[PDB]
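Colleague: Protein chains in written order, with the deposited numbering: chain E, 5 to 281, 292 to 389; chain B, 5 to 282, 293 to 389; chain C, 5 to 281, 292 to 389.
Virtual Cβ for every residue (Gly too), placed ideally from N, Cα, C.
Once you've had a glance at the structure underneath, I'll fire off some questions.
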Amino acid sequence: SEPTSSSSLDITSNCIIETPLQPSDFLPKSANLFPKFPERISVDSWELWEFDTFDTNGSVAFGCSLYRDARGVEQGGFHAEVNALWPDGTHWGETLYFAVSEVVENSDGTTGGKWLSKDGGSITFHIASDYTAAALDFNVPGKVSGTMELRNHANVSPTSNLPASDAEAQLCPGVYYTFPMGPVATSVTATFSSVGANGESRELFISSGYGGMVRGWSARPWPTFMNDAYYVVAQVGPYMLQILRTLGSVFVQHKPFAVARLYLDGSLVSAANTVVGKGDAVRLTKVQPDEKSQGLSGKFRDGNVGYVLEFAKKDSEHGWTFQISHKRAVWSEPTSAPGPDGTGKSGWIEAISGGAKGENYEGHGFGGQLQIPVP
Amino acid sequence: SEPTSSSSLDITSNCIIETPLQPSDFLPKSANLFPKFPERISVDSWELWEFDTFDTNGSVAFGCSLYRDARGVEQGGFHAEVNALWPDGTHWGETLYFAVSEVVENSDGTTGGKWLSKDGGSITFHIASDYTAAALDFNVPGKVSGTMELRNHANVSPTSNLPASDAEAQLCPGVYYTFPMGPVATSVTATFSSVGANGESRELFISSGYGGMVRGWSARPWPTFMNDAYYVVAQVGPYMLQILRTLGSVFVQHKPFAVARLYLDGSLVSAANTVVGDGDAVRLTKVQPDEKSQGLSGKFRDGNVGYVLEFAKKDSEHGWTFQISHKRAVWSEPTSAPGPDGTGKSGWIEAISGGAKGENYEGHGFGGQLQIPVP
Amino acid sequence: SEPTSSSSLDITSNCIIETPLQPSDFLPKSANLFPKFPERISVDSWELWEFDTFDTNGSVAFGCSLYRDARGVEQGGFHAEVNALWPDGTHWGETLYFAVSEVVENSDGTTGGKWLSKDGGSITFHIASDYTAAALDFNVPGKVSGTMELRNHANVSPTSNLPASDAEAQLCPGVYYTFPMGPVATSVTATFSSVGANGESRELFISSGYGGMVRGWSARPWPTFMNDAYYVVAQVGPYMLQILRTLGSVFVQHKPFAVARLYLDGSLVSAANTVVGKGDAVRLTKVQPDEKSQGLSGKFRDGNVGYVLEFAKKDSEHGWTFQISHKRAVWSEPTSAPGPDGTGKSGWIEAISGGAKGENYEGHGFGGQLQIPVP
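Listed below in structure tokens is the structure:
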């Protein structure tokens, strides 16, 4: 509970270098929660600690992505992307900025994080030494206050499933993207200062909610390996799934990449770090509204109404397939100038069905898709 | 005095490396005229020493931008952009390539530079230890010979206004763009061997010309932080202004940046390193021909006939506003294949008017705009 | 003899770093066959050992490009492009991925290479210490087995013609592209398990064939310096020519580059490392089907039916001009989504004629062109 490792960066006091930085090495069988760029970042480098929640029916969602990268220097802070959805369709969403990001590892092996702004507002996290619990405290004046908790209850420990090699931790060479907590039950108690029309509103998820945690980092900037991405975490009957799939920019010859994990009754049954042309592999196919009647489209040039997600087992014909349809729109922000080819990012409360061949379990997910106009 | 530090690069002998280099650190309250990549240029690094002049009436102009740029090296050497405009509208413009670029700092604190080619041809500059004077000598056989001088006569020294921090010296992280001489009186006496359809011309500005000097450098190549730029140096009654404004490419999330300086009869009255986001800030708005009748358009996809330039003073409602109209075309070169979306660069002898509330000064500027086909 | 230098890379074990690596320095008057990134590759770097063959009549072709390439590693391993063409027009072509790539230099000065996969399949090469002979062995289960030989019989040695400076070995700064064996006679005996309608077929090129060898490497990825390339090796009467000619992407301001060599009965008579507006220069002009009736087009947006290739002496005004027309299609693969601006790569068995003024020699070449969808 005394700090034994400490990284503290102040984006307003010269911690950005304009040439590449190599991160600290990946640690096998660790959740690698301590920053990999501990003293300085480059204009390219990024680190992500992400915690999302939603209730079992998908009527409410609350997510928080904490970043260290240089995108927010002009706003004076590291990014904290906070998004909330109520049962009535109201959405609250902001990129919040915090001049200081401090992450410590304590002697007991717990990890603490603190995004701190000059006015004293903060978002903090605290993660158990064995990665089975995470707690966030929000204290952002005039924006959002409250708490979020994620807990793993599975039989097999988080540690048992942690990547043992760089390949198992990687989206692609040099891009690390990991789901170290696996299946989590969630709870939220939060208050938002102004929602919809200048009014305060509270939000609750009770210890019975779903969600997921993401730990990611890279020296490589996103445009150099992707121009389209999809992320979701979901519960579909007894299945717990989590996936990031990128579609490459021209700088990786438009190659797709994915990191994906599938649990069944709390046990890992599929781990994929490759796309169907190591462990397993995944295929992710966009669904168009001329193919499937149910599902919203986002507001930009990507008109898909959902996806088909297939987990293919290495040895066999036995796999798992999930139909994902966009059920409720969360966030929506452009990533280019408007127009017929304008791109953007859209968050979703997904309706998902499927499982093994013949199965038709039904559940929900929380995630989002993004394009940026990189060739 | 003899040279006390010396940077000499020669395109025949390993002057460029295929991986990134961090420049030497920015020096506070210095003009930073000595090369920031003194032993070798990197795959993407560029350094700029620029000296532009025009006469009080805008009838003649003469500009020279000296580069150490990996792009120029790939194209033949250390390069100089040289552009002249005569009262009848004839333009002379060439990119000149040199095998050797040498910059020294001397014991007395002066800075000397020499772009030199095999055949003896050369462009040299000599800058005073206190940056109040700069002299160029042109001796390029069959192209141009003569001299250029800039002399600052302000009672407040150039050093007093020099950037004291990376913030004040930067367009954006790692991109340095500075106007260390401030307001200068200029003169030029040059002969050009062939102008128009046959024929030698002299070109003269009497010490009572206007213009300005630019010192810039970065490890980051221009396409990674911009795809559209406007630069101008101008005199408008008692005002002397200098501004670069970039609009970002996808690689900086389309963020706009600016470095701008406004002097009032020799004293700095507004310093901006930020764009207004609806030191001080600047707003730069393009003007289209359906809005304003007076002004030329460039020959490429950017159809604007000028700009509105506003300096917004921190905490005040009252700033300065300048109307910029494209009066005379200088240089015009494509930067993509031609077509409806073809990009290019255009130089201008802009007609500029305005000032603070109640002011209507009128003057001229020398500048240019540029697009490149990067999303 | 025993290895005195060894570089062995394994995709299971930290073979690629996510930040730039500088290669080992170019060695003057060496074929530089040992890997320039010997301990690991970077996420940008690539290295090429390429060996191509065709018969004198242009009825059959067999080529093998061996790579260590970050893009290939991202896509499965150290890759080999293997392409074959039979007299009836049947083409066989695959990209093969290998877990291990090993190159050694032995005490006798020979260079040995081994692309090796988990199942024991391999492609090996062995190159003589004076670069006059090279032999490849293919042992790829279910794909291809056999041998390819290249031998130089010129009275002037390969060593006499090797580049002596970084400039003579370069396409552009930092991109090395070399033809160290010069003119070679070739021989192939190969068997392919499945070609056309699932049928194995043998392929024979008697020690009376033509072809060429390429050795290239760079820390700079292809999109950052090109978006269109043409490569060919050919025999036209007593002439043996070899050229790469790239057209720049926006990241090198669309500048064209070339590396080209022309031999007359075994002696180097033109070495060009520059495009027509140091040694000589080359001009490479596309020919359109509205200009010339004979010649195929590729299947993508580049509709050319051939090229005009001119070698220009600096210190005279004669040179050599060759007419290149696409005779037979070898490989054809898209490099973008399909459509009116869809790009791709096309291999060809070229018909080539020409020479100096008053010459009309006729022969054949093996090569290809490619575009990548980078502005």
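1. Measure from the alpha carbon of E109 (chain C) to the alpha carbon of each residue in C:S69, C:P162, C:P42, C:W226, then state which is nearest.
2. Within 10 angstroms of the Cβ of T250 (chain C), are there 16 or more other Cβ atoms? Answer buried if so, exposed if not.
3. Can you have a look at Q302 (chain C) and say buried or exposed, based on whether 16 or more other CB atoms are within 10 angstroms of its CB?
4. Just the chain B side, please: which residues come within less than 9 angstroms of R75 (chain E) by C-beta, in chain order?
5. Any beta carbon from chain E within less than 8 angstroms of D316 (chain B)'s own beta carbon?
6. What is the DSSP secondary structure of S46 (chain E), counted as helix, strand or coil?
7. Name, in chain order, the residues that DSSP records as bridge partners for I247 (chain B).
8. Where do the ends of the beta strand (DSSP E) carrying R75 (chain B) lie?
9. Are the CB atoms of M185 (chain C) and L166 (chain C) nearer to each other than 8 angstroms?
10. Straight-line CA distance for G150 (chain E) to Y321 (chain E)?
11. What does the alpha-carbon distance come out to for the pair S63 (chain C) and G312 (chain C)?
12. Kindly indicate if chain B contains any beta-carbon less than 8 angstroms away from that of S339 (chain E).
13. For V388 (chain C), return the contacting residues in chain E, with the cut-off set at a CB-CB distance below 8 angstroms.
14. If we call anything under 8 angstroms between Cβ atoms a contact, is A88 (chain B) one with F196 (chain B)?
15. Out of C:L272, C:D232, C:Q239, which one is the CA nearest neighbour of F261 (chain C)?
16. So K328 (chain B) and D294 (chain B) are in contact, right, with Cβ under 8 angstroms, and what is the actual spacing, rounded?
17. If we ignore side chains and look at the alpha-carbon of each, how far apart do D269 (chain B) and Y235 (chain B) end up?
18. Going along chain C in order, which residues have a C-beta closer than 7 angstroms to the C-beta of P227 (chain B)?
19. Once DSSP output is grouped into helix, strand and coil, what is the label at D170 (chain B)?
20. Which runs of the beta strand (DSSP E) fall wholly inside the segment 174–204 of chain E and span at least 3 residues, in chain order?
21. Check each residue of the segment 166–197 of chain C: if its Cβ is closer than 7 angstroms to any Cβ of chain B, include it; give the result in chain order.
22. Which value, in whole angstroms, describes the spacing of the CA atoms of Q79 (chain C) and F66 (chain B)?
23. In whole angstroms, what is the alpha-carbon distance linking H332 (chain C) and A326 (chain C)?
24. Taking only beta-carbon positions, decide if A326 (chain B) is within less than 8 angstroms of chain E.
25. Would you mind sorting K359 (chain C) into buried or exposed? The rule is 16 or more other CB atoms within 10 Å of its CB.
26. Pull out every residue of the segment 11–25 of chain E whose Cβ sits closer than 9 angstroms to any Cβ of chain B, in chain order.
27. Do you know offhand how far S5 (chain E)'s Cα is from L175 (chain B)'s?
28. Taking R206 (chain B) as the reference, which of B:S212, B:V192, B:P352 has the closest Cα?
29. Using a C-beta to C-beta distance shorter than 9 angstroms, which residues of chain B count as neighbours of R44 (chain C)?
30. How far does the beta strand (DSSP E) with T163 (chain E) in it extend, from its first residue to its last?
31. Among C:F30, C:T99, C:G241, C:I20, which has the Cα closest to the Cα of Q26 (chain E)?
32. With the cut-off set at 8 angstroms, would you say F82 (chain B) and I363 (chain B) are in Cβ contact?
33. So what does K300 (chain C) bridge to, in DSSP terms?
34. Does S222 (chain C) have its Cβ less than 8 angstroms from a Cβ in chain B?
35. Can you check which of these residues, B:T99, B:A264, B:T8, is closest to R75 (chain B) by C-alpha distance?
36. Only counting the same chain, and skipping five residues up and downstream in sequence, which positions put a Cβ closer than 8 angstroms to that of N159 (chain E)?
Modeller: Answer, in terms of the structure:
1. Here the question's residue 109 (chain C) lines up with position 105 in the third sequence. Of the candidates C:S69, C:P162, C:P42, C:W226, the one whose C-alpha sits nearest the C-alpha of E109 (chain C) is C:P42.
2. On the third sequence, position 246 is the one that residue 250 (chain C) refers to. Its Cβ being crowded by 16 or more others within 10 Å, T250 (chain C) is buried.
3. As a working note, residue 302 (chain C) is residue 288 in the third sequence. Under this definition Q302 (chain C) is an exposed residue.
4. Counting from one through the first sequence, the residue named residue 75 (chain E) turns up at place 71. Residues of chain B passing the Cβ test: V256, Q257, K259.
5. Within the second sequence, residue 316 (chain B) is the residue found at index 302, counting from 1. Answer no: the Cβ-Cβ gap between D316 (chain B) and chain E never drops below 8 angstroms.
6. Counting from 1 along the first sequence, the entry for residue 46 (chain E) is found at position 42. Strand at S46 (chain E).
7. As a first step, residue 247 (chain B) is located in the second sequence; it is residue number 243 there, counting from the start. Looking at the DSSP assignment, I247 (chain B) forms a beta bridge with B:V236, B:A264.
8. On the second sequence, position 71 is the one that residue 75 (chain B) refers to. Not the beta strand (DSSP E): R75 (chain B) falls in the alpha helix (DSSP H), residues 74–79.
9. The residue given as residue 185 (chain C) occupies position 181 in the third sequence. The residue given as residue 166 (chain C) occupies position 162 in the third sequence. Cβ atoms of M185 (chain C) and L166 (chain C): not closer than 8 angstroms.
10. Mapped onto the first sequence, residue 150 (chain E) falls at position 146. Mapped onto the first sequence, residue 321 (chain E) falls at position 307. Cα-Cα distance, rounded: 34 angstroms.
11. For the purposes of this step, residue 63 (chain C) is taken as the residue at position 59 of the third sequence. For the purposes of this step, residue 312 (chain C) is taken as the residue at position 298 of the third sequence. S63 (chain C) and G312 (chain C): Cα-Cα distance of roughly 19 angstroms.
12. Position 325 of the first sequence, counted from the first residue, corresponds to residue 339 (chain E). No, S339 (chain E) does not count as interfacial toward chain B.
13. For the purposes of this step, residue 388 (chain C) is taken as residue 374 along the third sequence, with counting starting at 1. The answer, in chain order, is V254, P389.
14. Looking up residue 88 (chain B) in the second sequence gives position 84. Looking up residue 196 (chain B) in the second sequence gives position 192. Cβ distance < 8 angstroms, so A88 (chain B) and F196 (chain B) count as in contact.
15. Taking the first residue of the third sequence as 1, we reach residue 261 (chain C) at position 257. The option with the nearest alpha carbon to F261 (chain C) is C:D232.
16. In the second sequence, counting from the first residue as 1, residue 328 (chain B) sits at position 314. In the second sequence, counting from the first residue as 1, residue 294 (chain B) sits at position 280. By a beta-carbon distance limit of 8 angstroms, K328 (chain B) contacts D294 (chain B). Their separation comes to about 6 angstroms.
17. Working through the second sequence from its first residue, we reach residue 269 (chain B) at position 265. Working through the second sequence from its first residue, we reach residue 235 (chain B) at position 231. The straight-line gap from Cα to Cα measures roughly 21 angstroms.
18. As a first step, residue 227 (chain B) is located in the second sequence; it is residue number 223 there, counting from the start. The contacting residues are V254, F255.
19. For this step, residue 170 (chain B) is matched to residue 166 along the second sequence. Three-state DSSP puts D170 (chain B) in a helix.
20. 174–176, 179–182, 189–199
21. Within the segment 166–197 of chain C, contact with chain B at the beta-carbon level (separation under 7 angstroms) is assigned to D170, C176, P177, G178.
22. Taking the third sequence and counting its residues from 1, one reaches residue 79 (chain C) at position 75. Taking the second sequence and counting its residues from 1, one reaches residue 66 (chain B) at position 62. Separation of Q79 (chain C) and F66 (chain B) (C-alpha to C-alpha, rounded to the nearest whole angstrom) is 53 angstroms.
23. The sequence position of residue 332 (chain C) within the third sequence is 318, counting from 1. The sequence position of residue 326 (chain C) within the third sequence is 312, counting from 1. Cα to Cα, the separation comes out at about 7 angstroms.
24. The residue given as residue 326 (chain B) occupies position 312 in the second sequence. Output row for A326 (chain B): interface = no.
25. As a position in the third sequence, residue 359 (chain C) is number 345, starting the count at 1. Buried: at least 16 other Cβ atoms inside 10 Å.
26. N18, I20, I21, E22, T23, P24
27. In the first sequence, residue 5 (chain E) corresponds to position 1, counting from 1. In the second sequence, residue 175 (chain B) corresponds to position 171, counting from 1. Cα to Cα, the separation comes out at about 43 angstroms.
28. One-based indexing of the second sequence puts residue 206 (chain B) at position 202. Closest option to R206 (chain B), Cα to Cα, is B:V192.
29. Position 40 of the third sequence, counted from the first residue, corresponds to residue 44 (chain C). By Cβ distance, chain B contributes nothing, its closest Cβ being about 14 angstroms from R44 (chain C), past 9 angstroms.
30. For the purposes of this step, residue 163 (chain E) is identified with residue 159 of the first sequence, where counting begins at 1. Premise fails: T163 (chain E) lies in the alpha helix (DSSP H), 162–165, not in any beta strand (DSSP E).
31. Reading the first sequence from its first residue, position 22 is the one you call residue 26 (chain E). When each option's Cα is compared against that of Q26 (chain E), the closest is C:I20.
32. Residue mapping note: residue 82 (chain B) aligns to position 78 of the second sequence, counting from 1. Residue mapping note: residue 363 (chain B) aligns to position 349 of the second sequence, counting from 1. Against a cut-off of 8 angstroms, the Cβ pair of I363 (chain B) and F82 (chain B) comes out as no contact.
33. Translated into the one-based positions of the third sequence, residue 300 (chain C) becomes position 286. DSSP lists C:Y321 as partners of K300 (chain C).
34. In the third sequence, residue 222 (chain C) corresponds to position 218, counting from 1. It does; some Cβ of chain B falls within 8 angstroms.
35. On the second sequence, position 71 is the one that residue 75 (chain B) refers to. Just measuring C-alpha positions, the residue of B:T99, B:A264, B:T8 sitting nearest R75 (chain B) is B:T99.
36. Here residue 159 (chain E) refers to the residue found at position 155 of the first sequence. Cβ within range, chain order: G270, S271.
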